[PDB]
Every structure is written in structure tokens, then in C-alpha cells.
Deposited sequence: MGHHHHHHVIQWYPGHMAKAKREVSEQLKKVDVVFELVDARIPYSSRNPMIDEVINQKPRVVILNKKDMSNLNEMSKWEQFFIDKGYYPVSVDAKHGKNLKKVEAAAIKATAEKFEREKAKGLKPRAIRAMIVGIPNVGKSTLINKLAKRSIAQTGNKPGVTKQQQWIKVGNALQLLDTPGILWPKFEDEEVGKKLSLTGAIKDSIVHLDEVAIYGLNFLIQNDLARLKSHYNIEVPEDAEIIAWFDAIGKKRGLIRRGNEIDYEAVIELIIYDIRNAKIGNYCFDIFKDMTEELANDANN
């Protein structure tokens, strides 16, 4: 859990840029469930045209078809997107491979200028909880000062044959300014942080599921709901079917809300990508020119 405040943000921007000076390529790590919404809002300014691998992590909890649209978008911006499951160690070879492709031009020009071949240097950057430390540990094949008061120095990790990975990620802040994006981040657990009302988060999730996977939502909770009912009816149906009640036979809404948020965060109902590319055309255009 990280506390952002005007100064701390400045600290992170500064420090991450400093680390970026040491590397040939940057791995922007995003959540495959929201490849666009889980990006730091100033990421391009911070990365500043550095060769970039965009890593859609938690592929195991998302939808491949939607992700592929996001991959196309990343390809169209000139990045090298790959998807991985850092936790269960799936597709990890792809990281080095993309790093090699991302820096192929740079090292060709170095080779032509007569420089000797060398390890590619990389770092990982992204908002919190996307799986940065998980990915680092999986790539190091080991868990990354042991004495109180003793400061750990940032070190290079040998990964594969051609890759050197900084063992410390650049941590940047999530998008703050948009309420829908807030709900997306809350649905994925990127922010388990207040002022975005949990009840509204659960309504957003239900409505997402009702629109994209109604059959699955119903079979999961074993409920059936009138199509012209308002959203409250769904809370009531689930609350009733799970027995989450209070004061006689009133619905314990706080409890149903928590169950919905949990089941969506932890992919109990299905594997979804909440960034629907075709629905985000205006948002994309707003960001696009800068």
C-alpha cells in the first residue's frame, strides 16, 4: 500500500527517470485485465522514447481476444507487447525475446560502429500491484538489507543469456483523475483505497458482467433476475441466494458488496478484460495527441 502526495509523486518521477538512464530497454508492466487503465498517466513522458516492452501480466485472469486488441494498440505505438503469467511462470521466455527485438536497432548501430556485444540492460516500471516484484522474482528464480537499519543496494539480475535486469522496479502512481478508471482499478485490486465508493464499484462490475457475460454471472451465483429489474434486484438476488441477511430478512448489502468485489478481483466468476477497446475510442483520442 502506497501513499501518494504531491511530493512523493515528484520523488518517484525523479527516481524512476534516474534509474531509466541505466537501461537500454524498459519493461512497462500492465495488468492484462486493464492494459490501458493500469498505466501511469505520465508514463510516456517518464519513459521518453526509450525502447519499450509492454508486458501484460496476469494473462491468466484476463480475456485473450480483448488483450490482443490492446496488443495491436501497443504495436501501433511502436512498443513490443507480450503477455505473461508471472505468478505461475507462463510465457516468461518472451520477455528476453522482446527485449532483444526492442533494442535490435540500437545494437546493430553499435555493432556497425564497432562496439562489442553486451548484455541488454532492462528495468521494470509500472503502477503498484501489477506484479512487478512477482515478475522480478520469477525471472531471478529466487526471492529478492537483512539487518534492521541496513539499506539494500540496487543490483543487476542475470536473466537468460542476453539480459541484465535491475532487481528494483520503478514504482509510479495510477490514474487518479477519472471515476470510471477508478472503478476499473478498484475492481482489479490495484487500489484497495477509499473515496471511490465500494457500492458503486460493485454496481460497475455487475453491470459489466450483465453486459458481457450474463450467462456466466447467473450460473456462478445460481440466480435468475428479471431483465427489466434495476441493479438493486441483483444485489437482492445474490444476498438472498447466499443467505447474507440481517435484521430478520433484510439484505446485508455491505456483505454482498464485499463478495462481489472479491469474486471479481480474484477472477472467481471468469477471466475478463475490463478495458473494452471499442468502448474507449474517445478516451484514447484525448490521450492520443500530447
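- For this chain, the deposited residues without C-alpha positions form the stretches 1 to 8, 153 to 155, given in sequence order.
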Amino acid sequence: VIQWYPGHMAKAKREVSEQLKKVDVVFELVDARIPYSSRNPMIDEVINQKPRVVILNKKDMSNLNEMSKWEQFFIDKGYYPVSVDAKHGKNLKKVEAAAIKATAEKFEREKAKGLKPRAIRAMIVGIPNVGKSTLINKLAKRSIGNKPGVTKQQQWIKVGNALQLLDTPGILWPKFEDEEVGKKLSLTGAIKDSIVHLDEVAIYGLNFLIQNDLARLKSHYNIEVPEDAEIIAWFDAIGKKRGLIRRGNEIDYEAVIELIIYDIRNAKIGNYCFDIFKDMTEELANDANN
From here on, numbers count along this sequence of modelled residues.
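- In at least a third of the other compared PDB entries of this protein that cover both flanking sides, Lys90 is left without coordinates.
- For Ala162, the record comparison shows coordinates present in all the other entries of this protein that model its neighbours, with no third of them leaving it out.
- The mean C-alpha temperature factor is higher for 110 to 118 when 110 to 118 and 184 to 192 are set side by side.
- Relative to its counterpart among 268 to 276 and 6 to 14, 6 to 14 has the higher mean temperature factor, C-alpha atoms as listed in the PDB entry.
- Ranking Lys50, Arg39, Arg246, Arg33 by Cα temperature factor from the entry places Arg246 first.
- Going by the entry's values, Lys141 shows the largest Cα B-factor out of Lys101, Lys77, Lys132, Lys141.
- Annotation for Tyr253: C-alpha temperature factor in the highest third relative to the rest of the modelled chain, per the entry.
- In this PDB entry, the Cα temperature factor of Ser219 sits in the middle third of its chain's modelled residues.
- Remark: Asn212 belongs to the middle third of its chain, ranked by C-alpha B-factor as recorded.
- Sort the modelled residues of the chain by CA B factor and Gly160 lands in the highest third.
- Among all modelled residues in this chain, the alpha-carbon of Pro81 has a temperature factor (C-alpha) in the lowest third.
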